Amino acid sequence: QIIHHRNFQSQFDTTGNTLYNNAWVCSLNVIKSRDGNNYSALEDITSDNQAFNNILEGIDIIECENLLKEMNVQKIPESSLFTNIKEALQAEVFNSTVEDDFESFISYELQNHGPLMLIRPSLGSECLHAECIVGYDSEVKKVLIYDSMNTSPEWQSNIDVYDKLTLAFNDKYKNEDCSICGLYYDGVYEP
């Protein structure tokens, strides 16, 4: 139903032979851009920023926490529909009632707050990763994900997206420097 229109950016180079740690700028560009354009984050990435186009490491976690406040990137408010999902994420269970609450949670947040940015522990790396929830489809039960590791937006199943959310909200995987993990959104978006 709810599908937002944003430009996709890969953190790989054009040939796909170079992998940059640009997940932070890519995801920030997704939630801040509009109507298939690109947000102007060039003042932050070009000005002698060692965390941009870096093949070894990305942006510092505490430095990224302050960057989100400057760009009006807010954490989603702790609502009751969010709390029920978060308690289900602590149990790592995805039954029908949880899946229905997940469907209504993602639908509500995408409608009222626009595309969401997920900061979570990486799946195949020691660091953190950032990806974006940009659409949802209740017919096929899939979520539209803007993951800069891929070459294009991807429709992923709900339980796969649910397992990604588990990394950011379950206490098993949260380290001492995972205080930035969670779901964010553009503070200037309005439906």
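From 1 onward, residues are counted along the sequence shown.
Enquirer: If you average the CA temperature factors over each stretch, which comes out higher, 156-164 or 33-41?
Expert: Of 33-41 and 156-164, the stretch with the higher C-alpha B-factor average is 33-41.
Enquirer: Per the record, averaged over C-alpha atoms, which has the higher B-factor: 110-118 or 88-96?
Expert: If you average the C-alpha B-factors of 88-96 and of 110-118, the larger mean comes out for 88-96.
Enquirer: For the listed residues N49, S27, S125, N54, which one has the largest C-alpha B-factor as given in the deposited model?
Expert: Top of the list by C-alpha B-factor: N49.
Enquirer: Split into thirds by Cα B-factor across the chain's modelled residues, where does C178 land: lowest, middle or highest?
Expert: Ranked within chain, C178 CA B lands in the highest tercile.
Enquirer: Taking the C-alpha B-factors as the PDB entry records them, is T151 in the lowest, middle or highest third of its chain?
Expert: Answer is middle: the recorded C-alpha B-factor places it there.
Enquirer: Place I133 in the lowest, middle or highest third of its chain's C-alpha B-factors, as listed in the PDB entry.
Expert: Bottom third by C-alpha B-factor.
Enquirer: Should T14 be placed in the lowest, middle or highest third of its chain by the C-alpha B factor in the entry?
Expert: As the PDB entry reports it, the C-alpha B-factor of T14 lands in the highest third of its chain.
Enquirer: Looking at the C-alpha B-factor of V140, is it in the lowest, middle or highest third of its chain?
Expert: For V140, the deposited C-alpha B-factor lands in the highest third.
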